[PDB]
J.: 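Here it is, the structure, as structure tokens.
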Amino acid sequence: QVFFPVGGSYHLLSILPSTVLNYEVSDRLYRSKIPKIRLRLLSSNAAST
Amino acid sequence: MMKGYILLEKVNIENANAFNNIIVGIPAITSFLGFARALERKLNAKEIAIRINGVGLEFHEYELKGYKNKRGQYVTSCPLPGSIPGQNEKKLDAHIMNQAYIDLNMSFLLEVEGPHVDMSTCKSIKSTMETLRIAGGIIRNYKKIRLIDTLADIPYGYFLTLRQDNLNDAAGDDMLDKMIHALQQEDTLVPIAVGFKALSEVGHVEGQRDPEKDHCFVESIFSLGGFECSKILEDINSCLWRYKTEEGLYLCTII
RNA sequence: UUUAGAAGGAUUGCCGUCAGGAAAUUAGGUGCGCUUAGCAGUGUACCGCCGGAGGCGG
DNA sequence: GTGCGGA
DNA sequence: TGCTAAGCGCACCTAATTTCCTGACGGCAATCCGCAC
């Protein structure tokens, strides 16, 4: 939860990540040559959680 | 009643956040603009009227926490997790989520507008910057806080600017294909995060950080950017990031 | 009022044995360096003198 | 204080 | 404490062929799961 200035006052914003966008960046970068990074931190049991 | 420019020169930031769900690298621009707003809010409680209306981001060196393999790819590193609140807080080993951290040396150009902009303002900024953070990282040291007048009093470095024209004029069939094609044509551009977009309406829900404000559920939006040197630059105004708010969109733009 | 606020990666270790790089050669022709100047600047300061440190005579 | 449930 | 002012520094042509580039054995153990019963 973060704050953002809207016109003399502030709005409180809660950020939710996108699951469908993460799946489509990874498919469209497995067959490409622009720089990329693989993150190997999540286990199988925690992914099911 | 007066307008000027203040330069925060060569600041070391250690362990700043570097993960925005599709990007691992430079932190989002909203963190830097929030650092500027936090400095503004702390200066106005010491009864010193000032207003920061624009920030320019200059880069001198960087280091990503990790290593490079023999194939030329990065492998990130994370600290060992400690006790985390929940149902398994009394255990000895905790869970490992997704994280990334970066180290930076940078310089900031601030456009200030107030009743008085002398060097006592610079002394107050020097006294108020040892109690703040940038992204989620700590400040180890700075070099000097000073006023500037023209483009020739700026130290050498590379600024960051918006390149939305190179994204709207490329390929087709979706925006992500335009992103990938525009990154394959010219090799000196990077993807950056530039703000938030709404996913609901404005109201009050249970569980907020401050229970007296308005609330909206948001999603991060991403754009393209590039680097320009400080000796090939046209004007100060063409490298200053500002806030812009439509109905449902919370952005950071270069006009 | 910053995808906010929090974090110990640790302990141990035998890379080794052997070996034929080798034979042949054409770098060659040509050519205008060159007009002027004072080692000056002052070329260096000596004996004393009382005083005791500090100050004038030739 | 247990055992489930996937890729 | 002073130590020069001007101009310029080629046109040609080429830079090899053969044979091959090892056989073995192996590459850690520990931990990193919320939730409804």
Side-chain angles (χ1 to χ4, degrees), chain A residues 1-6 8-19 21-23 26 39-49, chain B residues 11 13-45 52 55 57 65-67 75-90 93-102 104 106 108 128-129 131-139 192-197 199 207-210 212-214 216-222 241 243 250 252:
Chain A
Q1 311 188 225
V2 294
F3 285 102
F4 197 97
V6 153
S9 64
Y10 300 85
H11 278 231
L12 187 57
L13 304 173
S14 277
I15 308 139
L16 298 173
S18 172
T19 322
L21 215 179
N22 204 170
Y23 196 90
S26 325
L39 290 183
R40 303 180 184 87
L41 307 185
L42 250 175
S43 62
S44 302
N45 284 151
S48 305
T49 298
Chain B
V11 188
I13 315 116
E14 259 158 352
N15 292 0
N17 183 287
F19 182 65
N20 280 81
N21 197 358
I22 87 172
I23 299 189
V24 172
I26 302 153
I29 306 295
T30 305
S31 72
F32 303 106
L33 265 72
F35 165 58
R37 188 55 141 259
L39 188 53
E40 183 175 352
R41 290 174 39 92
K42 260 166 199 253
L43 283 177
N44 283 341
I52 314 179
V55 50
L57 304 169
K65 296 306 182 63
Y67 67 93
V75 179
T76 51
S77 59
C78 76
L80 183 64
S83 177
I84 302 181
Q87 212 148 340
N88 279 335
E89 194 172 359
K90 295 150 109 303
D93 279 30
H95 60 298
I96 304 172
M97 299 285 96
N98 292 359
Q99 27 189 9
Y101 305 88
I102 202 169
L104 302 157
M106 274 185 351
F108 314 76
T128 322
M129 215 190 314
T131 179
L132 277 192
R133 304 182 175 184
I134 304 179
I138 80 165
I139 293 78
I192 64 179
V194 288
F196 304 109
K197 198 188 139 46
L199 289 169
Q208 306 179 184
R209 204 218 290 198
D210 168 272
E212 275 174 355
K213 290 207 168 356
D214 36 28
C216 187
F217 282 89
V218 297
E219 143 187 29
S220 299
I221 63 187
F222 313 79
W241 295 83
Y243 273 142
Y250 305 82
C252 297

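Atoms considered below: every heavy atom in the structure, side chains included; atoms not considered: hydrogens, waters and symmetry mates. The chains referred to below are lettered A, B, ... by the order of the sequence lines, with proteins before strands, and numbering in each begins at 1.
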J.: Applying the Watson-Crick and G-U wobble criteria at under 3.5 Å, what pairs with C:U26? Answer none if nothing qualifies.
T.: none
J.: Nearest whole Å is fine: how far is C:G5 P from B:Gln99 CD?
T.: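 Atom-to-atom, B:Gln99 to C:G5, this comes out as 13 Å.
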J.: Under 4.0 Å between a side-chain N/O of B:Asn88 and OP1 or OP2 of E:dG34, yes or no?
T.: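 Result: yes.
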J.: Would you mind telling me which of C:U3, E:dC33, C:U1 lies closest to the side-chain atoms of A:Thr49?
T.: E:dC33
J.: Just how far, in rounded Å, is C1' of C:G9 from CG of A:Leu41?
T.: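 From A:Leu41 CG to C:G9 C1': 14 Å.
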J.: Which base, if any, makes a Watson-Crick or G-U wobble pair with C:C46, both distances under 3.5 Å?
T.: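 Base-paired to C:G58.
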J.: Using the P atom in both, what is the distance from C:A4 to E:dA36, to the nearest Å?
T.: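 Roughly 28 Å separates the two P atoms.
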J.: Take the six-membered rings of bases C:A22 and C:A23, measure centre-to-centre distance and interplanar angle, and say whether these fall under 5.5 Å and 30° respectively.
T.: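 Stack present between C:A22 and C:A23.
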J.: Using a cut-off of 4.0 Å on non-hydrogen atoms, how would the nucleic acid contact of B:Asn17 be classed: base, sugar-phosphate, or nothing?
T.: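 It contacts sugar-phosphate atoms only.
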J.: Heavy-atom nearest nucleotide on RNA chain C for B:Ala135 versus B:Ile96: which residue maps closer to 5'?
T.: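 This one resolves to B:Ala135.
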J.: Would you call C:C14 syn or anti, using the 90° rule around 0?
T.: syn
J.: How long is the line joining NZ of B:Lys42 and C1' of C:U2, in whole Å?
T.: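 It works out to 13 Å between those atoms.
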J.: Counting only Watson-Crick or G-U wobble pairs whose two distances fall under 3.5 Å, which nucleotide matches C:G31?
T.: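 E:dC10 is the nucleotide pairing with C:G31.
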J.: Does B:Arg209 put a side-chain nitrogen or oxygen below 4.0 Å from OP1 or OP2 of C:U1?
T.: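 False: B:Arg209 side-chain N/O out of range (4.0 Å or more) of C:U1 OP1/OP2.
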J.: Measure the CG-CZ distance between A:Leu12 and B:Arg209 for me, rounded to the nearest 0.5 Å.
T.: 6.5 Å
J.: To the nearest Å, give me how far apart CD1 (B:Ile84) and P (C:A6) are.
T.: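 Value for this atom pair: 13 Å.
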J.: Quick one: look up who E:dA15 pairs with, Watson-Crick or G-U, both distances under 3.5 Å, and put none if it's unpaired.
T.: none
J.: How many angstroms lie between CD1 in B:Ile139 and CG in B:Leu132, if you round to the nearest 0.5 Å?
T.: 7.0 Å
J.: Please report, rounded to the nearest Å, how far the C1' atom of C:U3 is from the CD1 atom of B:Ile134.
T.: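 From B:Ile134 CD1 to C:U3 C1': 17 Å.
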J.: Of the candidate nucleotides E:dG34, C:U1, C:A7, which contains the atom at the shortest distance from the side chain of B:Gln87?
T.: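 For the B:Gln87 side chain, the nearest candidate turns out to be E:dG34.
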J.: Among the nucleotides C:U1, C:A7, C:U3, which one has an atom lying closest to any side-chain atom of A:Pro5?
T.: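 Among the listed nucleotides, the one closest to the side chain of A:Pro5 is C:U1.
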J.: Hunt down the Watson-Crick or G-U wobble partner of E:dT31, both distances under 3.5 Å, from any strand shown, or write none.
T.: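 Base partner found: C:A10.
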J.: Answer with base, sugar-phosphate or nothing: what part of the nucleic acid does B:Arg37 contact at a heavy-atom distance below 4.0 Å?
T.: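 Sugar-phosphate contact only - B:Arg37 comes under 4.0 Å of backbone atoms but never of a base.
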J.: Would you say A:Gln1 reaches C:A4's phosphate, i.e. side-chain N/O to OP1/OP2 under 4.0 Å?
T.: no
J.: If we require both distances under 3.5 Å, is C:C14 with E:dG27 a Watson-Crick or G-U wobble pair?
T.: no
J.: Using the P atoms only, state how far C:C49 lies from C:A53, rounded to an integer number of Å.
T.: 13 Å
J.: If you measure from CD on B:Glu219 to CZ on B:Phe196, what distance do you get to the nearest 0.5 Å?
T.: 11.0 Å
J.: Tell me which nucleotide among C:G9, C:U2, C:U3 gets nearest to the side chain of B:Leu80.
T.: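 Out of C:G9, C:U2, C:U3, the nucleotide with an atom closest to B:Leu80's side chain is C:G9.
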J.: Identify the nucleotide, in any strand shown, that forms a Watson-Crick or G-U wobble pair with C:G20, with both distances under 3.5 Å; if there is none, say none.
T.: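 Answer to the pairing question: none, since C:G20 forms no Watson-Crick or G-U pair.
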J.: If we require ring centres under 5.5 Å and near-parallel planes under 30°, does B:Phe35 stack on C:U2?
T.: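 So B:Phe35 does not count as stacking on the base.
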J.: Could you tell me the separation between the CG atom of A:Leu21 and the CG atom of B:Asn21, rounded to the nearest 0.5 Å?
T.: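 Result: 7.5 Å between the selected atoms.
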J.: What distance, rounded to whole Å, do you find between the two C1' atoms, one in C:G33 and one in E:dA6?
T.: 12 Å
J.: Is there a donor on the side chain of A:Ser48 or the base of D:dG6 sitting less than 3.5 Å from an acceptor on the other?
T.: yes
J.: Roughly how far, to the nearest 0.5 Å, is the CG atom of B:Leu199 from the CG atom of A:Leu16?
T.: 7.0 Å
J.: Using whole Å, what does the distance between atom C1' of nucleotide C:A7 and atom CE of B:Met97 come to?
T.: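 That distance rounds to 14 Å.
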J.: Under a 3.5 Å cut-off for both contacts, is C:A37 paired Watson-Crick or G-U wobble with anything, and if yes, with which nucleotide?
T.: E:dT4
J.: Roughly, in whole Å, what's the span from CG in B:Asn15 to P in C:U2?
T.: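 Those two atoms, CG and P, are 19 Å apart.
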J.: Could you check which nucleotide pairs with C:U3 in any of the strands shown, counting Watson-Crick or G-U wobble with both distances under 3.5 Å?
T.: none
J.: Looking at A:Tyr10, does the NZ or CZ of B:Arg41 lie under 6.0 angstrom from its six-membered ring centre and within 45 degrees of the ring axis?
T.: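 Satisfied, under 6.0 Å and within 45°.
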J.: Which distance, rounded to the nearest 0.5 Å, do you find between the CG of B:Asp93 and the CG of B:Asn88?
T.: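 B:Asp93 atom CG to B:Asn88 atom CG measures 11.0 Å (nearest 0.5 Å).
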J.: Nearest to the side chain of B:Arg133, which nucleotide is it out of C:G9, C:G5, C:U3?
T.: C:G5
J.: The side chain of B:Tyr243 lies closest to which of these nucleotides: C:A7, C:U1, C:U3?
T.: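 Given the options C:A7, C:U1, C:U3, the side chain of B:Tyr243 is closest to C:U1.
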J.: Please look at the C1'-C2'-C3'-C4' dihedral of C:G31 and say whether its sugar is north or south.
T.: south
J.: Take the protein atom CD1 of B:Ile52 and the nucleotide atom P of C:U2, then report the distance between them rounded to whole Å.
T.: 15 Å
J.: Please determine if a side-chain N or O atom of A:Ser43 lies less than 4.0 Å away from the OP1 or OP2 oxygen of E:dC33.
T.: yes
J.: Please tell me which of the listed nucleotides, C:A7, C:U3, E:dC33, lies nearest to the side chain of B:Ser220?
T.: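 Minimum distance to the B:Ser220 side chain belongs to C:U3.
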J.: When the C1' atoms of C:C15 and E:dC25 are considered, how many whole Å apart are they?
T.: 11 Å
J.: So, the side chain of B:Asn20 versus the backbone of B:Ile23: is there a donor-acceptor pair under 3.5 Å, distance only?
T.: no
J.: Go through C:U2, D:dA7, C:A6 for me and flag the one nearest to the B:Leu132 side chain.
T.: C:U2
J.: Is it the case that E:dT17 stacks on E:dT18 (six-membered ring centres closer than 5.5 Å, ring planes within an angle under 30°)?
T.: no
J.: Provide the closest heavy-atom pair for B:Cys252 versus B:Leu33 in the form atom of the first, atom of the second, distance.
T.: SG-CD2, 3.8 Å
J.: Syn or anti for C:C47, please, going by whether the chi angle lies within 90° of 0.
T.: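 Chi for C:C47 falls in the anti range.
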J.: Of the listed nucleotides (E:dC33, C:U2, E:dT31), which one gets closest to any side-chain atom of A:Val2?
T.: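 Nearest listed nucleotide: C:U2.
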